[PDB]
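Have a look at the structure below, then the notes.
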Amino acid sequence: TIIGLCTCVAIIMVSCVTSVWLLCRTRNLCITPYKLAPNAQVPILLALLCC
Amino acid sequence: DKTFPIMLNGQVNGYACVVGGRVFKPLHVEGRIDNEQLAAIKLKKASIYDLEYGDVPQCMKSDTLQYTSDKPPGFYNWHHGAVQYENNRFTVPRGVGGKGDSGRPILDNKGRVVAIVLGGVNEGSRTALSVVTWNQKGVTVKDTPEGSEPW
Amino acid sequence: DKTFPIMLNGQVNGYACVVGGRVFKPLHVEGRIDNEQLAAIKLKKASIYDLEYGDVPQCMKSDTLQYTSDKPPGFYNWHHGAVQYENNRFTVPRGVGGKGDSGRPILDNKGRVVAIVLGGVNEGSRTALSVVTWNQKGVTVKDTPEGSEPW
Amino acid sequence: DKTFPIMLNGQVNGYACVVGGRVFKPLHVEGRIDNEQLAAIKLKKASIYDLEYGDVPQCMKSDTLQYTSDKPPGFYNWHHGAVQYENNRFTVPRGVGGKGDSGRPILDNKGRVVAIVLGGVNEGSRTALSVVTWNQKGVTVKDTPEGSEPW
Amino acid sequence: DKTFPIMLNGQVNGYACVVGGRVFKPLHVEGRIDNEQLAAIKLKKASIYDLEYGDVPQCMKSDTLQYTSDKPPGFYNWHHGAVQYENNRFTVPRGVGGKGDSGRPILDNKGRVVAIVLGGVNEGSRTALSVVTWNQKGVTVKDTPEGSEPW
């Protein structure tokens with residue numbers, strides 16, 4: 001149980017950090033094309049999925 | 001001044017531009033910007049476009065370069081002369097442009113900036129420029145003709 | 001020169017000056033002195049006078065401003081022109097002074113320092129100035145009008 | 001420029017010379033080299049010659065003073081005036097030399113470096129110089145009169 | 001003519017010359033000599049000096065350049081102009097010569113070849129050449145300035 005619980009927490013931490021890191025990476029890559037173009041369409045759907 | 005040289009070892013290793021209140025410089029160029037106001041800015045990385053970006057001080061925002069995505073066929077202006085724009089590609093005569101010219105801006109006949117030159121292609125009689133510009137929707141895109149090399 | 005502007009982000013927000021062999025800068029003005037030799041000296045604080053001071057390097061000790069405590073009624077001058085000294089307060093026409101003129105000395109008709117301006121108060125006809133001066137016994141005093149603002 | 005000043009506290013206290021494609025600076029002359037490219041190179045010390053030296057930048061290998069070991073009786077020159085060489089000693093008119101002239105080479109009539117001056121002695125008619133020179137075999141030899149004070 | 005270009009795809013990679021009765025070309029030069037009399041000769045690989053060499057046919061013996069080891073300080077000629085020679089070093093002004101000039105001879109005032117150019121180094125305002133020369137006893141030697149790029 002001690003070994004099992006530590007493995008479960010270690011798996012969750014690696015998976016959650018990786019999941020959020022990719023999602024943060026998604027927002028950076030998804031939004032950057034519009035950050036460098038103030039005069040852009042910026043569709044409303046973008047503000048809902050990538051933010 | 002609209003364009004600011006980047007100095008590494010005392011020589012100019014590239015140029016930084018300020019467009020629409022934001023300052024951009026080539027990601028692959030190391031050194032300080034030769035401007036006391038701009039040299040203190042901590043910039044963010046944009047690996048998509050091979051450039052770093054950030055805001056400028058409030059005193060500079062009032063006279064920054066104008067963004068435009070209006071790119072009809074014809075000739076465009078830049079530091080070393082004219083730029084020809086055809087088939088959605090920017091080209092200049094052979095021998096015009098090389099190492100150290102990275103980051104220079106290209107402007108239309110109305111004084112609006114259309115692209116930031118990060119590299120180019122050395123062809124037999126002409127050269128193609130590797131630039132970051134905007135598409136028909138006004139969204140930033142990187143233009144890299146086949147064989148492009150960073151300047 | 002004798003007056004050395006203080007720069008924070010590439011802009012002047014005050015001035016350092018050398019009087020009688022000491023380099024005086026306002027305490028509320030943060031930044032680097034626009035110099036190479038005088039910028040290397042460690043400064044002592046005089047917060048009761050809103051000043052910092054240090055020793056002038058040997059090569060600069062002779063080329064410094066002299067000061068006097070003799071302030072007869074009349075007109076005194078500084079960088080922006082004439083200054084009126086009446087009713088024991090230094091004052092300038094409305095709008096002549098303002099923020100950024102911090103550490104700028106006031107001179108008599110012989111070019112001698114009589115006060116160092118740190119701030120001011122906008123009155124009905126002239127702006128009263130917050131200055132560090134020397135009283136009738138020549139002792140350093142902070143001469144400020146009511147409601148002065150740091151410049 | 002082939003002879004570069006050395007500054008410690010903002011004033012010039014000697015010279016660093018680019019002779020033979022190598023940088024030569026006295027040990028007793030503390031401070032940075034004026035040129036950013038010459039100041040960035042790590043230097044080696046030769047206490048037996050009271051000089052410090054190092055390899056020049058690639059571009060400075062050609063732009064260097066040529067040196068000669070042949071110094072027959074006659075006259076030579078430097079930035080303080082003419083130099084007379086007799087009895088193996090470099091003698092200059094009284095008062096011509098002084099502090100801050102160390103590191104400057106003495107030139108012949110062909111523009112070649114004959115000796116590097118480090119100090120001198122006031123003999124009451126002319127001043128004898130402490131130099132770093134070359135003997136008849138072309139070997140670097142320090143030549144100093146007794147009692148010479150480093151300049 | 002005693003100099004014959006070597007071309008691989010119609011462009012010149014280097015030159016061959018007849019000196020002393022032998023045909024010379026650098027090892028790194030690829031292609032065929034425009035003169036068929038020289039291209040058909042089987043050459044020995046002198047990796048010691050980066051030169052290929054062979055025997056001139058008797059029908060071509062008259063087209064031979066005289067060579068000498070007597071190279072006193074002074075100026076020598078080659079296809080691109082004057083060459084300055086001092087301290088056992090052959091030097092040309094910056095911008096004179098580059099890739100494609102390998103194998104060219106250096107001639108003195110009597111029309112005798114004193115060196116064959118293999119490459120060179122840009123040294124500031126002047127360019128040093130990597131050459132194959134004969135020493136004071138007439139023995140072939142290779143002179144290579146540090147960093148020389150084969151031409």
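Data overview
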| item | result |
| --- | --- |
| Residue-averaged [θ]222 nm for the protein assembly as shown, counting only DSSP H segments that reach four residues, each worth -39500 (n - 2.57) | -2500 deg cm²/dmol |
| Whole-Hz couplings from phi, Karplus 6.51/-1.76/1.60, listed for region A:18-27; x for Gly and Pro | 5, 4, 5, 4, 5, 5, 5, 4, 4, 4 |
| Per-peptide average of other Cβ atoms within 10 Å, ordering E:12-23, A:5-16, E:61-72, E:129-140 highest first | E:12-23, E:129-140, E:61-72, A:5-16 |
| Region D:27-66 versus region E:71-144: alpha-carbon centroid distance in Å | 29 |
| Prolate/oblate/rounded label for region C:1-58 (Cα gyration tensor, a/c 1.5) | oblate |
| Amide H partners (placed H, <5 Å) of E:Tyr76, local residues excluded | E:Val83, E:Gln84, E:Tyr85 |
| Long-range HN-HN contacts of C:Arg104 with modeled amide H, under 5 Å | C:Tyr15, C:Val117 |
| Inter-copy separations for E:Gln84, label at 7 Å along Cα-Cβ, nm, ascending | 3.4, 4.3, 7.2 |
| Percent RCO, i.e. relative contact order, over chain D, from Cα pairs under 8 Å lying at least 6 residues apart | 20 |
| HN-Hα J in Hz across region C:96-113 - Karplus 6.51, -1.76, 1.60, θ = phi - 60°, x for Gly and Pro | 5, x, x, 4, x, 8, 10, x, 6, x, 9, 10, 8, 6, 10, x, 8, 5 |
| Alpha-carbon Debye profile of chain A, log10 I(q)/I(0) at 0.20, 0.32 Å⁻¹ | -0.72, -1.12 |
| Using a 7 Å Cα-to-Cβ projection, E:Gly95 label spacings across copies, nm, ascending | 1.3, 4.8, 5.7 |
| Cα gyration tensor shape for the protein assembly as shown, rounded if a/c is under 1.5, else prolate or oblate | oblate |
| Karplus-derived HN-Hα couplings along region D:132-139 (A = 6.51, B = -1.76, C = 1.60, θ = phi - 60°), whole Hz, x at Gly and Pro | 10, 9, 10, 7, 5, 9, x, 8 |
| Residues with amide H under 5 Å from that of D:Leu27, placed H, sequence gap 5 or more | D:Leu51, D:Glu52 |
| All Cα pairs of region E:1-148, percent lying beyond 20 Å | 44 |
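We did not get these values from a lab; they are worked out from the coordinates using the rules stated. Positions of Cβ are generated from backbone atoms using ideal geometry, with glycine treated the same way; all protein chains shown enter the neighbour counts.
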